[PDB]
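Residue-level listing of the chains:
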Amino acid sequence: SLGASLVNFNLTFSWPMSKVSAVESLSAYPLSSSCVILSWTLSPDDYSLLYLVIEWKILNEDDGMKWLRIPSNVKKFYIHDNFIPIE
Amino acid sequence: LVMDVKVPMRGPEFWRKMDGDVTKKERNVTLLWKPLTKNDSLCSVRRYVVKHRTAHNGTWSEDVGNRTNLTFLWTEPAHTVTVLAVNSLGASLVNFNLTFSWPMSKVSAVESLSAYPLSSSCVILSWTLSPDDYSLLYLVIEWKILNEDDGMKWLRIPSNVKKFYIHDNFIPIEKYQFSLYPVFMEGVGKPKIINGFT
């Protein structure tokens, strides 16, 4: 009612930029049936890496998208979700 | 005042418990079913009638009263049994017929079976089936603590599904043996047996 949000996030779409990688290594370990630790080592970035986005889904599925934003200043993350053991 | 308005819709779902040595042609079959809900039992059920069917003794009906259990001795190679829920106005219209046949007990329908502990009281069971030649009505999953005598519980699974959710207070320290029994018109099929925790 008083105005717009002050701090806002900007996301650019660019196909050549979609060909630029920043993650060297990525691994996931199921800490529990709902908690999974995601570890990653990042390459030395030339373009400004604002943050990361982790997308998890059932493998070999069109839908089921679940995404979470991760700060670019960390190396390990805890993903909490009603994970399906079979999939 | 609640009085039975009509005849019951469908009969109860029942399974068998086997007692006796394998070498015995004659063995005790303990039929176990559940009481019918007001959706099926309508208002009240006065008794259950077990109508048998054999190639020699023909069809004879046995009343078990309100009991949901009935043990009968099976000797003939083929023996069909049907259960009807009789109320103040009549018996249950739709009734399941289950056939016992030792050769037909060697017919398998499940290609692969697996169980997964969704939670302490939730387990998902998945299965892939062989392409059936005999007429398959449904499946019957029997789960019990592995290497135990009693405590087994069974559920009727529709044959059209490939996954089933079983919600029971399983013992986490005890591994459970799951036995999925394919039910055919010709008789009970050969089960698929797996072992898994919960």
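> Would you mind showing me how to read the overall build of chain A here?
Counting its regular elements, chain A contains zero helices and five strands. Overall, chain A shows an N-to-C arrangement of helices and strands of β-β-β-β-β. Rg of the C-alpha trace for chain A: 16 Å, well past the compact-globule value of 12 Å for 87 residues, more than 25% over. C-alpha atoms of chain A, sized along the principal axes, occupy 45 × 40 × 25 Å. Within chain A, the fraction of its 87 residues that count as buried is 18%. Restricting the contact set of chain A to residue pairs at least 6 apart, pairs at least 24 apart contribute 40%. Counting only carbon and sulfur atoms, one obtains 58% of the accessible surface of chain A, whose full area is about 7,400 Å².

> So what exactly am I meant to see when it comes to the pairing of strand β7 (residues 97-101) of chain B here?
Consecutive side chains of a regular strand alternate in pointing toward one face of the sheet and then the other. Residue and element names in this part refer to chain B. The element β7 is extensively covered by neighbouring structure, given that four of its five residues are classed as buried. Strand direction decides the pairing type here: strand β6 (residues 78-86) and β7, joined by five bridges, are antiparallel. By the bridge assignment for β7, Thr82 is matched with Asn97.

> Before we go on, may I ask you to explain the packing of aromatic side chains in this structure?
Here the distance between the centres and the angle between the planes together describe a pair of aromatic rings. Residues and elements named next belong to chain B. Applying the stated criterion across every chain, the model contains ten aromatic pairs over all chains. Arranged with centres 5.4 Å apart and planes meeting at 65°, the rings of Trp15 and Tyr181 form a pair that is edge-to-face. Residue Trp15 is found in strand β1 (residues 14-19), and its partner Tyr181 is found in strand β13 (residues 176-184); the two are separated by 166 residues along the sequence. Given a relative accessible area of 1%, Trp15 falls into the buried group. The buried category is assigned to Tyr181, whose relative accessible area is 15%. The interplanar angle of 65° and the centroid separation of 5.9 Å between the aromatic rings of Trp33 and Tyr48 together place this pair among those described as edge-to-face. Of the two residues, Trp33 is situated in strand β2 (residues 27-33) and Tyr48 in strand β3 (residues 47-54); the sequence distance between them amounts to 15 residues.

> Honestly, the sheet that holds strand β14 (residues 192-196) of chain B in this entry has me stumped. Any pointers?
Note: strands within a sheet are paired through backbone hydrogen bonds, in either parallel or antiparallel orientation. All names here are of chain B. Across the sheet, which stays open at both edges, the four strands sit in the order β11-β10-β13-β14 with antiparallel pairing between neighbours. On the outer flanks of this sheet lie β11 (153-158) and β14, each paired with one strand and no other. Averaged over all neighbouring strand pairs, the angle between strand axes comes to 20°, with direction disregarded. Summarising the sheet, strand β10 (residues 136-145) and β11 pair through six bridges and their orientation is antiparallel. The partner of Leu139 across the bridge, within β11, is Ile157.

Cut-off values and rules
Residues numbered from 1 in each chain as written, not as in the entry; some residues may be left out. Chains lettered and ligands numbered in written order. Part of a larger assembly, values for the part shown. Heavy atoms only, no water. Helix = DSSP H or I, 4+ residues; strand = E, 2+ residues; numbered from the N terminus. Rg over C-alpha atoms; globule rule 2.2 N^0.38 Å. Buried < 20%, exposed > 50% of the residue type's maximum accessible area, 1.4 Å probe, protein only. Contact = heavy atoms within 4.5 Å. Areas by Shrake-Rupley, 256 points an atom, 1.4 Å probe, with all protein chains shown as cover. Pairing = 2+ DSSP bridges. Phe/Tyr/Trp six-rings, centres within 6.5 Å; stacked < 30°, edge-to-face > 60°. Axes fitted to C-alpha atoms, helices over the stretch in contact; angles between N-to-C directions.

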